[PDB]
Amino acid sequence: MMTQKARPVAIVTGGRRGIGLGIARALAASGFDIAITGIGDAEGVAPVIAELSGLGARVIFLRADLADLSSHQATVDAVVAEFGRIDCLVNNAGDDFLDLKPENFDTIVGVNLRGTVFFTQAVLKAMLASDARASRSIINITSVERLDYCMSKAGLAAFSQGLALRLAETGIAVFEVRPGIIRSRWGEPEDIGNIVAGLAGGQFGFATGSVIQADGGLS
C-alpha cells in the first residue's frame, strides 16, 4: 500500500458477449483495465461497460472492424491513449465439403485469420515499445466440421506456437486456449474466463507455447 500498482491493460476482441465477455469479467475481477473491440452498436455495449466498471475496472469499447487492416493502428492507438500501456491481448475468435465456396474460404481464412494475425502484430509492436518489460501475454482462443474453419483454427495454432518461440526472450508469453461447448453439464463463459485470467495473471510466464484444453475434459 506504500506504492500504488498499475492495473495492467487487456484488449479483449469480441469481448462484448459470449466467451469474450466471460473473459473480460474474469480479467476485470482480477485487476485488469479493459479495452473491448467489436462492431456492435452503443446500446449493446453500454450495460457491459457499466457491469465491468462495477468490478473495479476502467473499461473502453472501441468500435472497429478488425477484419479491416487499416483500422488496426487507430484501434491500438486509442488503447494506448486511454491507458498508456498494453499488457495482454486476448484474440477471441467468435457443412459438406463439395458445397464449399471460395467466398467462404476468403472470408474465414483470407480475411478473418489474416485480421487476427495482423492485429496481433500491431498490438505486439506497441507492447515492445513500452519497455516497462513486465509479464505480458497473448492469448489465442480457438476451439475444441466446416473445413475452412478447421484450417483457420489450425493456422491460428501454428501462429501461437511460432509467436511463442519468437517472443521467448521478451517477457511476453503466448498461449492457446481451446474451449469446448459453452452455454448462454456444459461449460460457462466464466470457466473460459477463469482460465484466461489465470494465464494473464503472471504465473505462467515460463509456460509460453502451452495449449490449454477448455472443455471440462469431455475429450
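All residue numbers are counted from 1 along the displayed sequence.
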Check: Unmodelled deposited residues between residue 144 and residue 145: none, 1 to 3, 4 to 9, or 10 or more?
Finding: 4 to 9
Note to self: Does the chain run continuously from residue 184 to residue 185, or are deposited residues unmodelled in between? Answer none, 1 to 3, 4 to 9, or 10 or more.
What the structure shows: 10 or more
Item checked: Mean Cα B-factor comparison, 79 to 87 or 131 to 139, giving the higher one as deposited -> 131 to 139
Note to self: Comparing average C-alpha B factors as deposited, tell me which of 101 to 109 and 70 to 78 sits higher.
What the structure shows: 101 to 109
Item checked: Largest Cα B-factor, entry values, listed residues 164, 45, 156, 34 -> 45
Margin query: Going by the CA temperature factor in the PDB record, which third of the chain does residue 193 belong to: lowest, middle or highest?
Written below: lowest
Next item on the list: Grab the CA temperature factor for residue 93 from the record and place it in the lowest, middle or highest third of its chain.
Entry: highest
Next item on the list: Could you tell me which third, lowest, middle or highest, the C-alpha B-factor of residue 216 occupies within its chain?
Entry: middle
